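# Analysis of the macromolecular model
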Protein chains: 4
Amino acid sequence: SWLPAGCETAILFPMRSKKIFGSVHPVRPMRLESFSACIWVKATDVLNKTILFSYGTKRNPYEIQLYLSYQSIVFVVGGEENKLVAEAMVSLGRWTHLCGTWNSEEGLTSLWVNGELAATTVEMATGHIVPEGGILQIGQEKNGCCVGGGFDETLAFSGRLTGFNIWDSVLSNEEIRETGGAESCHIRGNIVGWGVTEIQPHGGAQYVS
Amino acid sequence: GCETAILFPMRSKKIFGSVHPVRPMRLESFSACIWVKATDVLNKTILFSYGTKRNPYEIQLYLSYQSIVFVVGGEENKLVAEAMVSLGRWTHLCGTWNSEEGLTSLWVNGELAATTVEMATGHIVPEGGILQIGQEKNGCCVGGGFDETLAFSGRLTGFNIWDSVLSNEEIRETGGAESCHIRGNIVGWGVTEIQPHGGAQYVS
Amino acid sequence: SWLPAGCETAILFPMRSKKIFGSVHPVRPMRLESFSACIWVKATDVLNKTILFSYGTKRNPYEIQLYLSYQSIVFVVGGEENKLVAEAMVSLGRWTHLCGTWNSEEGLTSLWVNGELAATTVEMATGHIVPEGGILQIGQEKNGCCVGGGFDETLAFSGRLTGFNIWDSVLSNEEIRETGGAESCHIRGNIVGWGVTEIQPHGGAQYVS
Amino acid sequence: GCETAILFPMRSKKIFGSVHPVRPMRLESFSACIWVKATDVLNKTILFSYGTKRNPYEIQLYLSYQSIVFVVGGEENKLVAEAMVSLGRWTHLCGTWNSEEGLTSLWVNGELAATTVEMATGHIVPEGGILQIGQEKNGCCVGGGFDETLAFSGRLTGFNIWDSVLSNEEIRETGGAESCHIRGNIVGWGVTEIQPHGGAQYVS
Ligand SMILES: *[C@@H]1O[C@H](CO)[C@@H](O)[C@H](O)[C@H]1NC(C)=O
Ligand SMILES: *[C@@H]1O[C@H](CO)[C@@H](O)[C@H](O)[C@H]1NC(C)=O
Ligand SMILES: *[C@@H]1O[C@H](CO)[C@@H](O)[C@H](O)[C@H]1NC(C)=O
Ligand SMILES: *[C@@H]1O[C@H](CO)[C@@H](O)[C@H](O)[C@H]1NC(C)=O
């Protein structure tokens, strides 16, 4: 069970279902004006839309998203209208490193894979800020589980995660390249870190340390 | 029968109720009645809510300091009845909606309280939502919980939802002594499944 | 089963044990400079020391207490050094009404039963302040429900409780007499009230109509 | 055996470990060693604590940004070793106490680090306390739980407590490659019961 870096803490999603997902509980509020989020992934199968991590309040279920689709990756911020698609990036069955970015001052969006720029644009959700007090999850969208499940079966994820880090400010180009190193496990953000901030798996999600 | 009434002894971040109607809830004109004996009322106190993923305020009936507010379609649509709630004693809250011209009217204790027109005219209530009692739709799972100030504090009974507008004769008949055997076409008291959670308990 | 007032929510403590107690979760902080408590009780048996409600931080387990002892009732605030005892107030098997009081400005202490003053004194815990962030419980000491931590058996309580209200200021003499009425449980305090503030029974403690 | 170990993947508000020693914990002179590989170090992160109802700080070993602090008796008594903790690497923390004259010394990696005298002389550690790992003493079901900042974040192994002050020869022998089958006379690794809670889990 090799892992990208010295990390020995990787969540495992055996098989998609309507009750499999992970939760995150940031210590500090999620009010963001410009955020950078990176995450490793070893996807097993990709459907029309597979969620890796998603943030959404009660009145807006797509405040933030980053999902795969066949051979493309999509980054959604602010709402369902905004998007950014990189083509022919992810290969099934191999580890890879994904990283986004955003800036509310000018609405500039970016997306990196394996430390090399893939797709970028400008004027995305300009003049917008993500409200605090929402709900964050990894591998699933924002849906209830108190009664009758609710998580659509096709949107779940199956594979491995690690190094899930969310900053709260724009990063540097060199730094985004560094986190993909072979011994970069000891680099963490200030909003959510790996192995520090609470992450509670549910419904079969299990650590594979 | 008139032998049961859900109890809400406290307000917290985990207390709520859930309902599981059988038939699809997508309706054009309906009517919902309920019995409320509120122990204490804040600015907002939900009795029964309804919302989808993209809409949390499809149907609501939330209390105020002294007024009952009926919301259909969304937040921006409101209807307020001023001074007909009294803590510590039973009362009959029930509202009526008609989508043909957005006609709306709120029936309290068997007497018309307020009425308006052109409220969500033509809007169709979608299905696939979650129908709760005493708590607004919010995070079901362990992700915090519902907003504390919204939860209910008291007892409830006789939750009914009809599939068609009700005549002025029908509403009065539901407020009678023996009305408890009357049940709604979509949701019926003592028939539809109810699962109190997080402290709330039945009372016989 | 008759109840003192028109209320219909009385907690039941069937039999004492090492895992029977009630918890309270005040909405607002417990930092108190002068507090007035209150409680209805129908005790079944009284041991050397039976607790009704107790508040204690991590570094001090006896910030506030009110326990029975045979025919006497004790009120402890600040620590074991402070105390106040009435002689023969309590009678087993019948409902009764108990109230406390305290003032940090001078240290005046009082205690009422059924609206008639029983014992009163001054100069205890003078110039004292109760720190916030503690743990509050009804009917048991502050030991810990945690595995490996068990409440001492003899200190538990068995009977009925209702109208548990904790104010945050000294009351009026007439008001203290009012709450003992036969239809007066519709008046409640602010720090804790009966029927609004969370009260979670544990280990067999059960609500009753 | 040293194959196993405890894991603390996150410093939440409910994560801790508990220990249940067999013999009474009332001791006059003792010695405790443990293996720590801290993922992240804060102003104060408890490794293993011990306290009674009146006394919550009978024995403790809490880390600082670069220092390790040994406490016996309460807050007023302390002992600090400055700059001998490295994140991401194994290290061997262990200390000794002698109540006859309050003689204390802290052994790190098998070499003396700091020493003092009159460290709470004559005081007798009482029994009846609660012995935890990675978290301070406090309620878990009521009042939320423990204090978040105190909780640990990393892995631990080889928790041992002895019943007599060790000699300079014994301490080094515990740091050897084959040392891991050695166990203390009060709490031994891999024999004493351990019940991780709130997300903690073993690792093999
Ligand atoms: C995937 O989603 C796109 C969204 O535009 C849709 O056009 C396409 O038909 C979908 N394919 C499926 C569900 O197989
Ligand atoms: C509830 O009512 C007022 C308006 O009537 C609202 O603005 C506020 O949120 C609540 N009032 C208070 C005093 O909190
Ligand atoms: C309570 O404690 C003693 C034993 O410690 C017990 O025998 C007696 O009933 C009570 N004595 C006093 C002084 O309260
Ligand atoms: C860390 O703790 C020391 C006391 O040991 C204190 O002086 C200092 O301000 C603390 N720093 C932070 C960042 O909490």
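Residues numbered from 1 in each chain as written, not as in the entry; some residues may be left out. Chains lettered and ligands numbered in written order. Heavy atoms only, no water.

The record names cryo-EM as the way this model was obtained, at a resolution of 3.14 Å.

Note the threshold: UniProt positions are given in the numbering used here, feature names are shortened, and annotations may be inferred rather than shown by experiment.
The PDB entry annotates chain B as Pentraxin-related protein PTX3 originating from Homo sapiens. Its PDB record names the entry "Pentraxin Domain of PTX3 Tetramer". Comment text from UniProt for chain B, heading Function, reads "Plays a role in the regulation of innate resistance to pathogens, inflammatory reactions, possibly clearance of self-components and female fertility." Quoted verbatim from the Subcellular location field of the UniProt record, the comment on chain B reads "Secreted".

Going by the PDB entry, chain A carries the name Pentraxin-related protein PTX3 and comes from Homo sapiens. In its Function section, UniProt records this for chain A: "Plays a role in the regulation of innate resistance to pathogens, inflammatory reactions, possibly clearance of self-components and female fertility." According to the UniProt record, the Subcellular location comment for chain A reads "Secreted".

### Section: the interface of chain C and chain D
What counts here: Throughout, a residue-residue contact means that at least one pair of heavy atoms, one from each residue, lies within 4.5 Å. Here the buried area means the combined drop in accessible surface, using a 1.4 Å probe, for two parts upon being joined, counting both sides. By definition here, a salt bridge exists when the distance from a side-chain nitrogen of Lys or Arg to a carboxyl oxygen of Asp or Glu is within 4 Å. Counting of polar contacts relies on pairs of N or O atoms within 3.5 Å, with two restrictions inside protein: one atom must be capable of donating a hydrogen and the other of accepting it, and residues adjacent in sequence are counted only when both atoms are side-chain atoms. Secondary structure is summarised from DSSP: a helix means a run of H or I of at least four residues, a strand means a run of E of at least two, and numbering begins at the N terminus for each. Here the term charged refers only to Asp, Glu, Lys and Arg, the term nonpolar to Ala, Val, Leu, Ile, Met, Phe, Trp, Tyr, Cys and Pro, and the term polar to all other amino acids, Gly among them.
Counting residues at the interface gives 17 residues for chain C, matched by 17 residues for chain D. Taking both sides of the interface into account, the surface hidden between chain C and chain D amounts to around 1500 Å²; carbon and sulfur atoms contribute 60%. Of all residues in chain C, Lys 58, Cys 146 and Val 147 of chain C give up the largest surface area on contact with chain D, accounting jointly for 38% of the area buried on that side. Counting across the chain C and chain D interface gives 1 salt bridge. Across the pair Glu 136 of chain D and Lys 58 of chain C runs a salt bridge whose closest N-O atoms are separated by 3.7 Å. Taken together, chain C and chain D are joined by 2 residue pairs in polar contact. Taken together, the elements giving at least two residues each to the side of chain C that touches chain D come down to β2 (21-25) and β11 (135-138) of chain C. Residue classes in the side of chain C that touches chain D are distributed as 8 nonpolar, 5 polar and 4 charged.

### A closer look at the UniProt feature "domain: Pentraxin (PTX)" in chain B
The positions UniProt marks with the feature "domain: Pentraxin (PTX)" are residues 2-204 of chain B. As annotated, residues 2-204 of chain B comprises 3% helix and 33% strand, and the C-alpha atoms at either end are separated by 10 Å.

### Regarding the UniProt feature "disulfide bond" in chain A
Residue and element names in this part refer to chain A. So the rule is basically this: Note on disulfides: each one is a pair of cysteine sulfur atoms within 2.5 Å. Only protein chains enter the area calculation, which uses a 1.4 Å probe; residues under 20% of their type maximum are buried, those over 50% are exposed, and those in between are partly exposed.
Between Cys 7 and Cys 185 the annotated UniProt disulfide holds up in this structure, with the two sulfurs at 2.0 Å. Linking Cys 7 in the segment before β1 (11-13) with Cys 185 in the loop between α1 (173-178) and β13 (198-202), this pair joins segments that are 178 residues apart in sequence. Classification of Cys 7 as buried rests on a relative accessible area of 10%. A residue is classified by how much of its surface remains accessible, and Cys 185, at 28% relative accessible area, is partly exposed. Formation of the UniProt disulfide linking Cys 38 with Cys 99 is not confirmed, the inter-sulfur distance of 5.1 Å being 2.5 Å or more. Positionally, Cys 38 belongs in strand β3 (residues 37-43). Looking at where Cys 99 falls in the secondary structure, it is placed in strand β8 (residues 96-103).

### Observations regarding the interface of chain B and chain C
The interface is formed by 11 residues belonging to chain B together with 10 residues belonging to chain C. Carbon and sulfur atoms supply 55% of the area buried between chain B and chain C, which totals about 890 Å² over both sides. Summed over the three residues of chain B that lose the most area to chain C, namely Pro 9, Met 10 and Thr 39 of chain B, the buried surface amounts to 44% of that side. The tally of links from chain B across to chain C stands at 0 salt bridges. Linking chain B to chain C there are 1 residue pair in polar contact. Class assignment of the residues belonging to the side of chain B that touches chain C gives a composition of 3 nonpolar, 4 polar and 4 charged.

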